[PDB]
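Below: one protein chain in two forms, given as structure tokens, structure 1 then structure 2.
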Structure 1
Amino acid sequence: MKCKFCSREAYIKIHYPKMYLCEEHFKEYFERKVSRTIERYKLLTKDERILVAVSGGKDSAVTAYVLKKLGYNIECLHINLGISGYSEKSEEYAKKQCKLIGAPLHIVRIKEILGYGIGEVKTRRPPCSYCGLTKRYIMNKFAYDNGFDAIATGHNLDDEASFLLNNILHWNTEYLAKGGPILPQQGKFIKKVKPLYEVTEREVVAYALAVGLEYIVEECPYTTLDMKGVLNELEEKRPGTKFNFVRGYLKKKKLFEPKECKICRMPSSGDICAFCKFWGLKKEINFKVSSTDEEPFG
């Protein structure tokens, strides 16, 4: 097959709208779509200082890559989970990505600041579950401490769809109230946006490979995959299913709609916050930085 817009060999078939595209015209389509998403939902403006949490996975990598190419002011943060025999390679993937992207990369090593790696704490709570708590907290407090205006994550259409299906099966109506491409700044919660909201996981894979981004497959090696497979099954039966599901969700989201921590002063239900209680912290963590390990002199 040949590209819709030139004589080059097709690199990928895009379903909506229907067109075969070569590598370069696919890149352009992908970048335009992401730009369209930012515009439609008013996610970002070019004056904002944006932080991208880069796990070394494809999604956050492509996010930082495209925001950069689009001309946004982005810096990246990699949160090293402290798993011996795992996290070192992950951090290396994130570093290589940011070098390629040309974004400053800040690193927080959980094991260094908290004393323990993910999967080393004496608790029966699943490693990846307190991992999620810990990571979200650090992303936000780092963004906050350093005066960032926004955090962009790499959640794509397939992520939103699978998260939606999962939370509906479990009737997690609280989670269901808080979906969509944007969580507006609210107190010490920094604005969080999802620029890849409307691109598919398949398009993300294709984009990374097109621009020479290399990535790891699994951030925490300790369901979503079940949901994605189910949704992929349904999608092949009835193309348009995933998109239709999310669109419907955005319209009905409203139906799910019905302090400061004594340690770190970040938002807290209860007087001491979840992060602080779990980690047994008596003192605040200061994530303020004046430079990166890679550019110590500015």
Structure 2
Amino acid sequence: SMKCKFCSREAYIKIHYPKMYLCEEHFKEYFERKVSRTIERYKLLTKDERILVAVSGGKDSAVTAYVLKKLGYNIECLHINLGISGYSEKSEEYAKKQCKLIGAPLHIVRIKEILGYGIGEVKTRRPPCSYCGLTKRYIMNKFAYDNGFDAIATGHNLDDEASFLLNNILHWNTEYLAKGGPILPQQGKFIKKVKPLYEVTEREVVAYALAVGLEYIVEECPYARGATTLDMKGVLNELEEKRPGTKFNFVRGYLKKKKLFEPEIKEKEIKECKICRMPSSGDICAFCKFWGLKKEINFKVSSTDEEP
């Protein structure tokens, strides 16, 4: 077995791009520095901002919160319990454990308490994974807005971006290809969304979580029909194995040529929801229409979990 390129310790991991062997400690430092560089590169965050980390219970958002906290950022965390019996309880417990170890405040929103129904419970023909993303994205935006947070940070890694690009390139979804990247800058009541793990691989995320002692959910959604992302991920991993830096250069190259997909948006119709005043297309937004809401949900909090 090879040793660390920086110290006299057994190598914990081998980085393929650039090729090197690092120990448990020099990898942690490498990872943290690589995330720090991503935040500097695309001017993601400042240390004065109040950051809201959307924590799922999985590795990605747990490591996002951990690294940002270690780098000395002003973070708070949000976990959305989608009320899936036999999945949401374990995921909520995992998020609690993570935020406890990280030492960051955790806010929990239970959709079965707010909207009455959990995900998969509503009388719908549409799959539960479709209105899932709509429910999470809205709740994390309105929570951040209602509580005056400057930015939202998600767990999306290099593999997530590479697979999203590959999938939309294959389908020629030029509108989705124009809206990618590490920053979704603040547009009205839409809080700034950032991806600090944009240039780190899922493999590096797994190794970092194991090293710092972060326990997480690997379990995918039980309501899922098809493994499209896993198919794209496996394919890009095969390509990466032969040519290291494939994922990186594909994503970085895309940022240089994203401008070409920009004339595809052509959208200029902006409205405010009659129920919650959040950005809408028409009288009522997709969220209030789907959940059959007559009144606005206020996510503004004073007394957070274990606080007065």
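Every residue number counts along structure 1's sequence, beginning with 1. Under this definition, the rigid core comprises the largest set of C-alpha atoms superposing within 1.5 Å between the forms.
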Aligning on the core only, does the CA of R238 end up 2 angstroms or more away between structure 1 and structure 2? yes
Between-form comparison on the rigid core puts the Cα shift of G115 between structure 1 and structure 2, in Å, at 0.7
Between structure 1 and structure 2, C-alpha offset at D271 (rigid core aligned, Å): 1.9
